[PDB]
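What follows is a short report on a single structure.
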Amino acid sequence: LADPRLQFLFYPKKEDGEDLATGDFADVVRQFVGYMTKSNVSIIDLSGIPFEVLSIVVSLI
Amino acid sequence: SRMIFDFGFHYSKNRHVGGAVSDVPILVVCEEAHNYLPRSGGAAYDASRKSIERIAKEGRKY
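Residue numbers (the deposited numbering), protein chains in the order written: chain A, 372 to 432; chain B, 433 to 494.
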């Protein structure tokens with residue numbers, strides 16, 4: 372829990388700067404898409420992060 | 433062979449942090465090999481012939 376790098380995981384906050392609720396699901400998905408009728412791209416950088424949780428993240432997404 | 437392989441296997445994790453490789457490389461000099469690494473011999477020459485093959489595939493990674 373102390374690790375800063377691992378905050379987007381443990382303490383994810385929105386624009387309001389508050390934790391998400393169960394009803395914020397849809398927005399989490401759009402995060403990787405955009406929307407239906409618009410060619411779009413999503414990129415994901417991983418440099419400071421070890422190799423033990425990489426696979427976990429990948430499977431989840 | 434094993435007491436070494438395992439050492440490097442374990443040590444890798446900490447250093448290997450997403451975009452680098454270990455800073456502790458290790459080299460092993462296998463001299464006069466055909467004695468204890470034959471093509472076809474008895475079970476006696478099996479142990480030394482297995483812990484070795486391991487390194488021949490997944491030692492570069494450590």
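Using N, Cα and C, we set each Cβ at its ideal position, and we do this for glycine too.
Out of curiosity, what's the CA-to-CA distance linking B:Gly-451 and A:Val-428?
Straight-line Cα distance between these residues: approximately 17 Å.
Which residues mark the beginning and the end of the alpha helix (DSSP H) in which A:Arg-401 is found?
Element bounds for A:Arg-401: 396 to 401.
In three-state terms, what does DSSP make of B:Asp-438?
Helix.
Using a threshold of 7 Å, state whether the C-beta atoms of A:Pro-383 and A:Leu-372 are closer than that.
Cβ atoms of A:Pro-383 and A:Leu-372: not closer than 7 Å.
Count the other CB atoms within 10 Å of the CB of A:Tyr-406; is the residue buried (16 or more) or exposed (fewer)?
By the neighbour-count rule (16 or more Cβ atoms within 10 Å), A:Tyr-406 is not buried but exposed.
Can you list the residues of chain A that B:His-448 reaches, using a CB-CB cut of under 9 Å?
Per Cβ cutoff of 9 Å: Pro-421, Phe-422.
Does the distance from the CB of B:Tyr-494 to the CB of B:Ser-480 come in under 7 Å?
Cβ distance not < 7 Å, so B:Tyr-494 and B:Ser-480 don't count as in contact.
Can a CB atom of chain B be found closer than 7 Å to the CB of A:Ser-430?
Output row for A:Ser-430: interface = no.
Check each residue of the region 397 to 419 of chain A: if its Cβ is closer than 7 Å to any Cβ of chain B, include it; give the result in chain order.
Under the 7 Å Cβ criterion, the region 397 to 419 of chain A contributes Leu-417, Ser-418, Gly-419.
Tell whether a beta-carbon distance below 7 Å holds between B:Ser-444 and B:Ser-483.
No. Outside cutoff.
Between the C-alpha atoms of B:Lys-489 and A:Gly-388, what's the straight-line distance to the nearest angstrom?
Roughly 48 Å between the two C-alpha positions.
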